[PDB]
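Order as written gives the chain letters A, B, C, D, E, F, G, H, I, J, K and L; numbering starts at 1 within each chain.
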Amino acid sequence: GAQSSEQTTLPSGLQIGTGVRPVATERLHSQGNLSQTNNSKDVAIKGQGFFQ
Amino acid sequence: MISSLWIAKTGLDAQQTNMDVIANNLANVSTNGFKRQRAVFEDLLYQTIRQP
Amino acid sequence: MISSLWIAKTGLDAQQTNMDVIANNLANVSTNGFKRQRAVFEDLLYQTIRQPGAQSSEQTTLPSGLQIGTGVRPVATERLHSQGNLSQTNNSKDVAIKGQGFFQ
Amino acid sequence: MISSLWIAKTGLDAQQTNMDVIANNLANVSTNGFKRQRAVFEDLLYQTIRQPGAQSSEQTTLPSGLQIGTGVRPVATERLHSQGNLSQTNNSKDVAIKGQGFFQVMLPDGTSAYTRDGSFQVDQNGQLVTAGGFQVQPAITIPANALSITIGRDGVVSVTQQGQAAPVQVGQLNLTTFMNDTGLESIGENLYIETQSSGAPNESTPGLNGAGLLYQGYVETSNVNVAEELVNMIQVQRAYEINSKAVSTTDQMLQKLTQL
Amino acid sequence: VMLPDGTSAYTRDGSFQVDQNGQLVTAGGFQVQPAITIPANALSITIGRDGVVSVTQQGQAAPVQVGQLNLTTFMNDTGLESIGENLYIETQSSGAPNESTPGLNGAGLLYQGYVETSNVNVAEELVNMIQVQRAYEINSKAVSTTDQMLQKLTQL
Amino acid sequence: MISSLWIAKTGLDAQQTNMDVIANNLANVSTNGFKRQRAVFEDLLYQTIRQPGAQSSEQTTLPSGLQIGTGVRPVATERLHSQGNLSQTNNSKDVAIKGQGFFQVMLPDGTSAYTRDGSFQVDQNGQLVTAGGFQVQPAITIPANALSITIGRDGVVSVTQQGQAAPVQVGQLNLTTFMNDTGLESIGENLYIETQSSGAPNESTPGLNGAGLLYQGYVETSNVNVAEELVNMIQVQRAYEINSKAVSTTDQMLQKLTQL
Amino acid sequence: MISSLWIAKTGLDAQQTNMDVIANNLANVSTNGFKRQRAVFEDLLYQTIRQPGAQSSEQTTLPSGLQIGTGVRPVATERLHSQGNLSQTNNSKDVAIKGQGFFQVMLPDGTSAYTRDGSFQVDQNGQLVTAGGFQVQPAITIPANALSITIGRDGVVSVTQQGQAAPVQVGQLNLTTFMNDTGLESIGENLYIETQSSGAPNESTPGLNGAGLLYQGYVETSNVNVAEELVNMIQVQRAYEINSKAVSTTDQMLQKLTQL
Amino acid sequence: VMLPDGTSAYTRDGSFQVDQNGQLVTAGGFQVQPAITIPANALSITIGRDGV
Amino acid sequence: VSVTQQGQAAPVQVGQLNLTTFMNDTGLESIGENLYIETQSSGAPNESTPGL
Amino acid sequence: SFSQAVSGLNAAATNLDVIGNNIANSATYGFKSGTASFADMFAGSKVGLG
Amino acid sequence: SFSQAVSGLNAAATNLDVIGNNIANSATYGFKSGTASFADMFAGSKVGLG
Amino acid sequence: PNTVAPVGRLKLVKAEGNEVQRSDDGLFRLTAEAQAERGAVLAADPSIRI
């Protein structure tokens, strides 16, 4: 964008870039398929809650 | 490991429950004052990839 | 990391979704009042390269340019709301539907 | 920096394009009304050096002089607009084309697109829309409590109401035909838009002017034939491998130049 | 094939497409000579053994002849100038382009639904690459030997 | 990319065509008035190399020169026009042909197709129609007050009204015959249309100069033979597998060469 | 640039030609009236260097001196003109040959070609033609109202008309025999033409001095033996392996000389 | 190509860009004559065989 | 040199390619453009039909 | 060539459905049997669709 | 051996069809029973064709 | 490329070392004795190839 001449501008100048970095590791909080273990004590959640 | 495998395993277990019910019904033909069983099934969870 | 690999990855995912639909249909054979599912797919975006119909010379157009396409995506899962076979259980409480209504 | 390297690079790019087309064809096996793609290749420029036909002697000519060619580039991608095999889905809302016509739908922008896919639904308003929700043209609206929908071979859509012994007509499903079907621009979502190379949209009923016939309860599957795709994958892999070998040979030549 | 500037080129790539006004053209858009215009009411296009193009319209039980595919035969084929995009132009070594019907005057036949592929033999090219590479490595060594001889000579 | 690959890529396609013909024949094993298909193949190009019969010396000729050939192409699938077995399903509206003639039916667009299917119905207006709703020719109307329909061996359709001891003639059914029955173009729905290779439609009465005979209460079944189709599947499968093995051998040969 | 590399290249080309012949033979398995081809090779030139039989010493000669051979080249591909097994297609127009004769057809150019395939049809005018539409000579004209066509063992074509207990003869099918049957030039399309190495076409009746007997309802399938083709494919693959290894070994030797 | 002083030079480097007021310019920013101005709502720019 | 003409089951004889043999081939003068000219040490160019 | 055979399988299933329905109504006053009729789906000749 | 066996299969099928036609016409006045005659199809004398 | 036509022929002469002398501008010219025998201008030799 710098003025290359008195009446013109420089389009898309010289950008030399460095490498790549990892930003973040995100989890996919979705509903997994249910498995029945025939146990009176095992509980499964259907929506978007957590046990405390 | 795969959603299809879990669904098919669940279907297998349900049909095995139906077979067990049928076998128990057949085993008690000569019992007096017996009421035969019938199993009722339902659809499991439905993941909403794209909301209808 | 390369275009063909992404296209094939999308195809694999679509076929896996189809297999899940088939497995769900199989698991609910004994359920009462169940309507089977069917998955519908659509073809994904297109990399344009040469535009189809672009004027090459002053008078001659370019027919059917280089439309390199991407993979596939499933649009929807539709139920088949059709009257299933009625079974006689001879029970005073069991009710069956003959038309296209729903219980509330 | 060396000619053979650029030529083999162009060859590698062409083979990668062929593999891309192959993968796109393979990923769309289950897509309804999909047409397979084919790539067309052409020679690149030709360095002239000696002019073929130049005057070598006063009474002799130079036959077929030294023309040095550049690599290869794809000309264009052409579809195979042919009738795909029909599949019975036993659904009153699915229509299949037997000839060479297209359904006209309206995009949300107001412009019209064309699709050969017949998987239709009915929205909350009753208008016949596609699987993505685009409204067919015209708005084949549907009454409230329909019992059955009958779409004839000539596009007449009728609804059977209760207590009425005669079916009522609620629309007329028409087909659009083009001078050049390969010139339609694919935009995804099984949708083709008009271009200047696809002629003009000729609106017509099913059965006249060439337009195809409509079958209710059937869907037009893709025309992709797998065995051709497998043999072409073998071809693409081996040609890519040969071109990579040529690149490697050029690399060794240049390295030997560097050592001296 | 008729080029935009009006001069005729010649091609053997038989992949054709119908443009927006009918008309058979090459994949690059150049119109093929002579003229075949295919109407809208066409159901199937058949190109015969002798280049006759017939178009079947609905209702008619007899196909309608549209055009003739004329093959241009040269007497010295290799003398043509390759102008790039799968096209050859005539030169002084391939003069007198003879229009003919396919199958007559030595011309070839036409098979519809098939395309002639490249005649490049692959093993020959790989062995030739081996020969070329080793040859460029023996000439480079000759260069190095001459350089060393010169260095030894001019050093004294 | 190599010659044997193209040749074995034509072999695969020809065997796939043979399997398609077999599967289509087996799928329509029960449709009435069906004629099964047979695919025919022919040799492709033959590269001359050394010309056969070339004059090597001034007195010795070269016998059977180096004629390297290309793959195979199918000419066409021809319909095996034979008389299917007649079945007595005892309905007055089913008629079967005994010779080599065809029924003429008027298509909605005004043109005439030709069908050998004899399962006829009566529309709401009383005309004889094909089960697909196409009206037969030269139009045979049936009154509402009809007690019995009698179609004789000569195609005369008679209707007996109530309390009347004499039948009433309501038309005359005629059969169309062609010079070449194979050249007819099948348009589906058990319908064939005339093509220039099928000559011209010669209308004739059933028993004269070559039209067949009509039997009432009979249906003409298909001529497809299941056991022969099974054996042909077993042989086509083996041929396809062997050609695929040729493809694989070519692929392996190209691997070692490139690796070198 | 080095002799062993040229020799191994010639070997590779010969093995590729053998594989091409094998693939062509396997691609035409379903073709009727097809004859399998076999290629024959000859070794290339022999460098003289030391003339054998020369005087090794005043009283002795050199036994079997130093001859250095070049690669290999294919001489010719010979057909195997043998009777393939007959197949019953139960068609009145299919004709098979039991002996050593050929059918004669006329190309559109006016010249005469020869074909052994007997899958015949009838055109729109009534003449007996092949599957490619070429008219079988001598012209056999089938009339409009034919009921059955009978072709006997000696080549007489008879038509039985309606109401006439005697059959009407409408032609005479002859067979052409050549002294050298393998010398014919195959143009594809199951057609062979006469060359100067195939002698002259001798017309003869089918049953006379060596023309074969004509069977109606039979087709002569190809004589390709497939297990032999699989074994030969194994052989060709291994030979190509060994030749490629020779090329690679020569490549490794020249490398050490470059390094020198 | 139009130099800053106003005289016309000539180039064979075919790597062109477009600047912020439309207009085709070279990699250095000099504007190419004749003056070709690509609009903003462009979806795809095609440069034909004959320079159209 | 024989050629095949359409419809002609026989080839048409066009010409004979004669080979020239010298006595001392090593004495020829190599003039450049892959050509040898006769030199007094390689005289007597004898034309012959190849094979004879 | 998979859809072609799938269509034949569906036709055979429909025939067997009709036969089973007819058999189940062997003793049912006022019942009239059913019969399924089939027609091919040729597209442009030389190829079948089922 | 897949063309020599197919011929025998077809011959046996023809014989069985003839036998079935004889059985079906057990009660048909003026009917004459039918029989099938088979002959080999040798070629050279070392190559049988079925 | 059909337009290619001859325009002119370069003059190629044959001269040994003993006949030519390098002028002060580096261009060789015929010596006096050689010029007197071969003429003022050297005729083109048709045997010269370039």
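Note that in this section contacts are C-beta pairs under 8 Å (C-beta built on N, C-alpha and C of every residue); 3 or more make two chains touch, one makes a residue touch a chain.
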Count of contact steps on the shortest path from chain G to chain K: 1
Selected from F-J, D-J or F-K, interface repeating G-K by over half of its contact pairs: D-J
Selected interface, D-L versus E-F, where C-beta contact pairs are more numerous: E-F
Copies chain J and chain K - rotation angle from C-alpha fit, nearest 5 degrees: 65
Averaged-CA centre spacing for the pair chain K and chain D, given as whole angstrom: 54
Centre-of-Cα separation between chain J and chain F, whole angstrom: 20
Averaged-CA centre spacing for the pair chain H and chain D, given as whole angstrom: 34
Touching two or more other chains - residues of chain J: 4, 7, 41, 43-44, 49-50
Where chain G touches two or more other chains, by residue: 12, 16, 109, 195-196, 247, 251, 258
Two or more partner chains touched - positions in chain L: 1-2, 4
Sites on chain E touched by chain L in the complex: 81, 89-92, 95
Contact footprint of chain F on chain I as seen in their complex: 2, 4, 11, 13, 51
Chain E-facing residues of chain C, complex: 53, 56-64
Complex contact set, residues of chain C against chain B: 16, 19-20, 22-24, 26-32, 34, 75-76, 89
Touch list for chain C against partner chain H, complex: 48, 50-51, 54-58
